[PDB]
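Architecture at a glance
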Amino acid sequence: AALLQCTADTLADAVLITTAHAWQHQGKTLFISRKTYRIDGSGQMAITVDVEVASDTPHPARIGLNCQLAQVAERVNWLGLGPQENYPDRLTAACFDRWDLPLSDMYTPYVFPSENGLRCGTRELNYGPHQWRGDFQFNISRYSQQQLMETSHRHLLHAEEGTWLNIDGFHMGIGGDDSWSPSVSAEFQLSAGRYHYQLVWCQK
Amino acid sequence: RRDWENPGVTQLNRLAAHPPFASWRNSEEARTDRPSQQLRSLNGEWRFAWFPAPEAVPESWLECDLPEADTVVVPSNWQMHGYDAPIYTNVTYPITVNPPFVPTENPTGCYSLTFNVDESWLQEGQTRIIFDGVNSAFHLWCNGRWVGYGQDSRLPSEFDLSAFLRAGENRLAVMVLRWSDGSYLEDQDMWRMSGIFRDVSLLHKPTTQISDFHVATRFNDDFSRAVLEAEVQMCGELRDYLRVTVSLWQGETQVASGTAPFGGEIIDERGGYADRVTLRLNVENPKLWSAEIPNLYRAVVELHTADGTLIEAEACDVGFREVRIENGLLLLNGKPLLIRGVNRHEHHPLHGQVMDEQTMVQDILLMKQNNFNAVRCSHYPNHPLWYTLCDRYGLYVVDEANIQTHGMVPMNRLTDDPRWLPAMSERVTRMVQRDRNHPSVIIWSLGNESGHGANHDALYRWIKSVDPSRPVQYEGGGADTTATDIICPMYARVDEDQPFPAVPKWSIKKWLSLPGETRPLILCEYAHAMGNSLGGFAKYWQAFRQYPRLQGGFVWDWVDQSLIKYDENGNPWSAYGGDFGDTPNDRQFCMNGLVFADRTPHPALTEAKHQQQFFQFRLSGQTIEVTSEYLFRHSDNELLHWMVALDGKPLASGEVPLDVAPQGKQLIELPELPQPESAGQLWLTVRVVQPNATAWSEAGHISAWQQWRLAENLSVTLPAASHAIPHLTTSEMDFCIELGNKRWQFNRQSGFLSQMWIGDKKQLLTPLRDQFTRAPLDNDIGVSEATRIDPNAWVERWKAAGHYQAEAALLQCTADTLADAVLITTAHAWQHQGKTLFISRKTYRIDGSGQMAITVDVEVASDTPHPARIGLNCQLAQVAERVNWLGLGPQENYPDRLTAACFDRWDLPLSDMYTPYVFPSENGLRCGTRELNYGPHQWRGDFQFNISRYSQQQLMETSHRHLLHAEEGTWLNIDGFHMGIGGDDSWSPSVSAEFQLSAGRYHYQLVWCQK
Ligand SMILES: [Mg+2]
Ligand SMILES: [Mg+2]
Ligand SMILES: [Mg+2]
Ligand code: NA
Ligand code: NA
Ligand code: NA
Ligand code: NA
Ligand code: NA
């Protein structure tokens, strides 16, 4: 990530932070992310994200944000598709409703660790004192994408400190027509070039 | 006798049908197809009197000319001379449905001609009269004496006048009836016209004459050998000294000849035909006929004596080709066809249903130039010259019998009735007898929309028996009946089933593989081109190319059926059904053409051209793969031009000759392209250019094109920090932003940008507001009317939801000052009677560079019908001459009709940004636009736009294009998103789900600045 812009403006009833980043590899700009964070007097932080994706780079796996929360809470509560893991090209079985599960249920123990436990079409997510609202896909677990990527077997995984949260405006299909050639259909690839999502982060 | 109310009487004293005759008395004239003195045209000035009924015709008209009669040009339709109103109706009959009876008020056209006949014509031989087209029925008199009667408006009626004519002055009297029992088989959806609308001629033959001839061409397995078989029939006295010679010519070279006396082979217990002979000519390595290469020979049939004296000669153009269906594929010369077809009615805006060579040639040229290879004679045999031209220019023809009974309840009432079999048989049999020698005819059709009856099955088998060289098709009764060799639906969709009872229209892909089904599928009608249409056209062609047994179709249709009317100042305007005082009518449903009546193209024609391309392209790295879709011809008149541009700025270009075999491939390696200095998207454009002129095109003709995105460099470089700081001024009614000379005014009561100034110059006439509606397209409306509402039609769903009446309620309007900018935040709710339809949330950011960044985020209630568009609109004060944009163009393009459009820098006059559809609607949109320039203004983003002197409101409220008036300034519509136009048909919703605005939440952003 290369920082292009980071400004702060004090408004009548809010503070507005504006940022711009470029992700580059060997001279090539892959992605540009432009954001505003508006924190108002009600204590809510509205995050607006606008992403550019180079048309000649391979379509990305996801367009989102991630962080490691210090909190480890017992339950995960959301208003979206569930209760089980669902992805854009595998979500017909899932139902839109209010779901409440133990954190461990938000992780799928695939023998070969990978991205897992996504829930799509989520309008509200609750974890400990935090609430995220918008229209997003998320997963939440004690395992980072890095660890999942670097660990060969599920039994070798160790719970990390706190909780890793991945919130996606957009997520690529998983495919599966076969498992030896690209099988994600065009309509589930992230090929639009420009992507927009908005999130509100507040305390319960 | 009232023969015009009797299906048992279709003719009286009519001669047999036959291929085109000229009775040359010189063989060389027959070879070269020069005019014949034995075939005399009676076209020109005739006398005409209109009557309300045949009973109203005075008995003196048979012998003497009427003083009340006017002089008119023949051929003509008498409605085009203003004698009565041309009635237009779709499904319903224009008369009372009571077969076989017609109205007592039956408009009667009394034609007459006084002409000279030379004694030499009457001293020997036979003089016949030929009426190529009389609508719908007629009685004939010659010198006061009754000659005969004829029906079928679309085939020649011929009568022997040898005993009726006298040396010197002769008078013909033709009583033409608008309505007859023949009308029940002539219920086509078009203008109901009448009169002598095709040629009238006299033909002199000797008494010993060629009465018929049939030409067949058969081939060996690889088409390297052929046998031409010519059956010749005679009339007159049989003599042993009589001979027939058939000679075959390739240009001026005679390739084969055969001579024989009369007397065919034994066929039964009674012997054979003494008045017939069959000649068989061997042809080695024949040059084959196709639409790609219309190679023709000339066959000359000589009737003569053994000592060498010619009696007469007839002749025809011969195309060596084989049409067969094998293993479910329609094949021509062993190769599977892909039909790039169109339906073509015979229509001229000035002459009605009268056809001329100039118009026919104009149509064929435009068709071939737009990659059509096929034409369906909807829905009747055509003027005889049409087939000659298709033979010579190369178009595949579906010849169709003049049988349509669409108004019957049920549709097969007459066609399943054995009492109507005689009349139906004549329409099929007489077409085959006339047109069977034309190579351009590859498929016979039994008619149109007449259900499926036993009469169809009988006539299907008749054709199969007499002419096995051509498949038979027929759509009626579900498109896949026992009376068709080809599954030939009308408006069956690509992926979507329409499971109507008894006659379902399956998805064409699904239809092929139904249990037991093996036949090819070629749509007799598809892609209804009514108004702003042809949305989803690319979906058909992708399917056609992927599925072997999907072999194309015929677009509905070629030409708008509008006629010319004049106002007070004598200025012409295009009129449809209902403008001529005819009621009940079917409004603008006569205008479904790819071209206007004057043959000016609609925007949809370019989409057709692109999808029907004969070359296919793929790109892999630096390699362009070109695939030929030609079946027979090498690419011997083709050059590939390639261009690489960065956001419209050309960086590299070149040309490479194409040398591709039919069905072959060519790989073209592009040279090392230098990496651009600037940020932006590189685009590759290729086009196939024809360097040499042809019979159908000019030098430089572009036949194919394609585009790809190459490398993109995203802009990361921060622009030089602007020194100027915009200032906010607040009043109770307005937020005002100032930057030097420039001013932006936001109205606080409405929440919209109401005005902009540069110095003292106002920029807006109407504020910038959200827009969620469009002036409804013909496809949006369907068959919905004010008296007969179709609640399923898109326009009615939008109306009932309050979309057009939606009023903006302000929720939020704030102003913030940033370090180097002013931020305006707004929120509006669009509500109809308590219901929130849409919410629009916006920010306007104006910085020291004078750029106004607009961000728009829209919520659409999930239970409201999906909106026509999600955009902004305003009336600009400026009227500028030019429109300049970086985006898809140059022509009008919509989300489901933008494949033909290319991404480049385009610059057109403002008037070219409006499409003059006869029925005004949303028009002129250009999609995928990143920059738009108009006068002092520049807009940047990723949007769809149209720009014109007409508001959406005026387009929607005005019935005809000629009633439109340029409004003050310029109406700009900038859409983040726009709904598809559809067009699979124009009587039910046809916008595919992927082109409907159903996402619920939408985001777009624009930048507005001075240029
Ligand atoms: Mg579902
Ligand atoms: Mg009759
Ligand atoms: Mg394309
Ligand atoms: Na792993
Ligand atoms: Na095909
Ligand atoms: Na029509
Ligand atoms: Na060439
Ligand atoms: Na209108």
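A few points on the structure. (Residues numbered from 1 in each chain as written, not as in the entry; some residues may be left out. Chains lettered and ligands numbered in written order. Part of a larger assembly, values for the part shown. Heavy atoms only, no water.)

**As for the overall build of chain A**
Each helix and strand in chain A was counted, giving one helix and 11 strands. Going residue by residue from the N terminus, the α and β elements of chain A occur as β-β-β-β-β-β-β-β-β-α-β-β. On C-alpha atoms alone, chain A measures out to a radius of gyration of 18 Å, which is about the 17 Å that the 2.2 N^0.38 rule sets for 204 residues. Summarising its shape, the C-alpha atoms of chain A cover approximately 55 × 45 × 30 Å along the three principal directions. Looking at the 204 residues of chain A, the share that counts as buried comes to 44%. Restricting to contacts in chain A with at least 6 residues of sequence separation, those with at least 24 account for 57%. Accessible surface, chain A: about 10,700 Å² in total, of which carbon and sulfur atoms supply 54%. (Helix = DSSP H or I, 4+ residues; strand = E, 2+ residues; numbered from the N terminus. Rg over C-alpha atoms; globule rule 2.2 N^0.38 Å. Buried < 20%, exposed > 50% of the residue type's maximum accessible area, 1.4 Å probe, protein only. Contact = heavy atoms within 4.5 Å. Areas by Shrake-Rupley, 256 points an atom, 1.4 Å probe, with all protein chains shown as cover.)

**Section: the coordination of the sodium ion (ligand 5)**
Residue and element names in this part refer to chain B. The protein atoms that coordinate the sodium ion (ligand 5) are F544 (O), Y547 (O) and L550 (O), at distances spanning 2.2 to 2.4 Å. Mapping the donors of the sodium ion (ligand 5) onto the primary sequence gives the spacing F-x2-Y-x2-L. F544 gets classed as buried once you look at its relative accessible area, which sits at 3%. (Donors = N, O, S within 2.8 Å, 3.2 Å for Na, K, Ca; no water.)

**Some words on the interface of chain B and chain A**
Contacts between the two partners involve 19 residues from chain B and, on the opposite side, 24 residues from chain A. Interface of chain B and chain A: buried area, both sides summed, is about 1,600 Å²; carbon and sulfur atoms make up 49% of it. The three residues of chain B that bury the most area against chain A are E712, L714 and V716 of chain B, which together make up 33% of that side's buried surface. In this structure, the connection of chain B to chain A is made through two salt bridges. Put simply, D942 of chain B and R194 of chain A hold a salt bridge, and the shortest N to O gap is 2.8 Å. (Buried area = accessible area lost by both parts, 1.4 Å probe. Salt bridge = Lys/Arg side-chain N within 4 Å of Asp/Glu carboxyl O.)

**A word on the sheet that holds strand β23 (residues 323–326) of chain B**
Pairing is antiparallel in the open sheet, where three strands are placed in the order β23-β24-β25 (chain B). One side of each edge strand has no neighbouring strand; the edge strands of this open sheet are β23 and β25 (335–336) of chain B. (Pairing = 2+ DSSP bridges.)

**Describing empty space enclosed by the protein**
Residue and element names in this part refer to chain B. The tally for this structure, following the rule as stated, stands at 11 cavities of 30 Å³ or more. Here the largest cavity is characterised by a volume of approximately 190 Å³. As for the largest cavity, its lining consists of 18 residues, and the residues nearest its centre are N135, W179, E186, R192 and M193. Residue classes in the lining of the second largest cavity are distributed as seven nonpolar, four polar and one charged. (1 Å grid on protein atoms, 1.4 Å probe; cavity = no way out; pocket = protein on both sides within 12 Å on 5 of 7 lines; lining within 4 Å. Points joined across faces, edges and corners; volume = space filled by probe spheres on them. Nonpolar A, V, L, I, M, F, W, Y, C, P; charged D, E, K, R; others polar.)

**Quick look at helix α5 (residues 421–435) of chain B**
One turn of an α-helix holds 3.6 residues; hence residues three or four places apart share an orientation. All names here are of chain B. Compared with an ideal rise of 1.5 Å per residue, which puts 15 residues at 21 Å, α5 spans 21 Å between its outermost C-alpha atoms and is within 8% of the ideal. Within α5, 11 of the 15 residues are buried, which leaves it mostly tucked inside the rest of the structure. Those residues of α5 that fall on the buried side of the exposure criterion are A423, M424, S425, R427, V428, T429, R430, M431, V432, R434 and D435. Those residues of α5 that are buried are in contact with β10 (145–151), β11 (157–160), α4 (384–393), β28 (396–400), β29 (441–445) and α6 (454–466). (Expected span 1.5 Å × (residues − 1).)

**Some words on the side chain of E625 of chain B**
Residue and element names in this part refer to chain B. With respect to the element layout, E625 can be found in strand β36 (residues 623–628). Reaching out from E625, the side chain makes a polar contact with the side chain of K665 at a distance of 3.5 Å. When residues no more than four places from it in sequence are discounted, the contact partners of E625 are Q616, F617, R618, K665, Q666 and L667. (Polar contact = N/O pair within 3.5 Å; in protein donor to acceptor, adjacent residues only side chain to side chain.)

**What to know about the packing of aromatic side chains**
Evaluation of the coordinates by the stated rule reveals 41 aromatic pairs over all chains. Connected via pairs of aromatic rings, a cluster forms that spans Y526, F537, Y540, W541 and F544 of chain B. (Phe/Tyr/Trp six-rings, centres within 6.5 Å; stacked < 30°, edge-to-face > 60°.)

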